[PDB]
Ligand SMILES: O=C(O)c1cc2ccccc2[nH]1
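Only one chain is included here, represented as structure tokens and corresponding to the form solved without this ligand.
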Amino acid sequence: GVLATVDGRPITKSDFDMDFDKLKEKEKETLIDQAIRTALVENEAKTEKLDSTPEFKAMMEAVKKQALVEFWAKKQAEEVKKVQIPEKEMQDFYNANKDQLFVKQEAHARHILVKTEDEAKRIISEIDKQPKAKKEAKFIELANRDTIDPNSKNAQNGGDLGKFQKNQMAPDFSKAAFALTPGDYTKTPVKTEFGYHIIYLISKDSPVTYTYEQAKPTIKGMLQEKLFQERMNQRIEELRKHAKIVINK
């Protein structure tokens, strides 16, 4: 698998980065040239001692550290891969997280963000007072006056959030949002990280629930990822204990 030489120096399949032999014959040609071009650049960079310069050396230290770190993390991940994830862990996860992660569904809604539960509560009562026909415009009006969402505030768009997938918004905000009938709004504020939301649902399409079997690949990945993060965290917290760490602010 010496694919080419440049000034004698072999180009080989090891010159590539994540399958070469599965590539179309003409794709291969294109890659060999890229690697030829790389090698010509490298030779030139070395002749010019771009690598001995301080700019590069400094930068190379960062790169090497990052590399060494990812290397170490890769190794953590490999201990995880050897562990079988039990079928049971996977169905449990599917059941618990189905509605949150395994439902394709799109909504258009608008929201109002406020700082306190009572402000949110006040906003809901105001809208509650309005005849059905008036509720949407009242929501829009209050959003423009009272929302603290900067973009919403700046846009004066009635707190329009545009269309979003169920799995792509914060979970408890999505649950609330998608739980509504179109044309209704939440009668109870929704606390998040940012404050309290009132959500008005404009529209939503019909949800499609992925089955266990369709979900299972993604589930497997997510559980390994969690095992991996747990593993690394555990190890890093042990390292943390043997070091003297001082923050300056």
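Counting begins at 1, following the sequence as shown.
Between 22-30 and 216-224, it is 22-30 that carries the larger average Cα temperature factor according to the deposited entry. Annotation for 54-62 versus 200-208: the higher mean temperature factor (C-alpha) is found in 54-62.
Per the PDB record, 169 has a higher Cα B-factor than any other of 107, 112, 73, 169.
Annotation for residue 240: C-alpha temperature factor in the lowest third relative to the rest of the modelled chain, per the entry. Sort the chain's modelled residues by C-alpha temperature factor and residue 246 lands in the middle third, per the entry. Residue 139 sits in the lowest third of its chain by CA B factor, as recorded in the PDB entry.
The entry lists a Cα temperature factor for residue 118 that places it in the middle third of the chain's modelled residues. Residue 186: CA B factor lies in the middle third for its chain, per the PDB record.
We do not show the form solved in complex with this ligand, though everything after this point is about it.
Among heavy atoms of residue 113, some come within 4.5 Å of this ligand in the entry with it bound. Taking the partner from elsewhere, residue 102 is found to have every heavy atom lying beyond 4.5 Å of this ligand in the entry with it bound. Although the partner is absent here, residue 93 lies well away from this ligand in the entry with it bound, with no heavy atom inside 4.5 Å. In the entry with it bound, residue 173 approaches this ligand with a heavy atom inside 4.5 Å.
No member of the trio 166, 180 and 205 reaches this ligand in the entry with it bound with any non-hydrogen atom inside 4.5 Å. Partner contact region in the entry with it bound: 147-155, out of 147-155, 78-86, 126-134, 93-101, criterion any non-hydrogen atom within 4.5 Å of this ligand. Using a 4.5 Å cut-off on any heavy atom, the residues of 193-210 that reach this ligand in the entry with it bound are, in sequence order, 194, 197.
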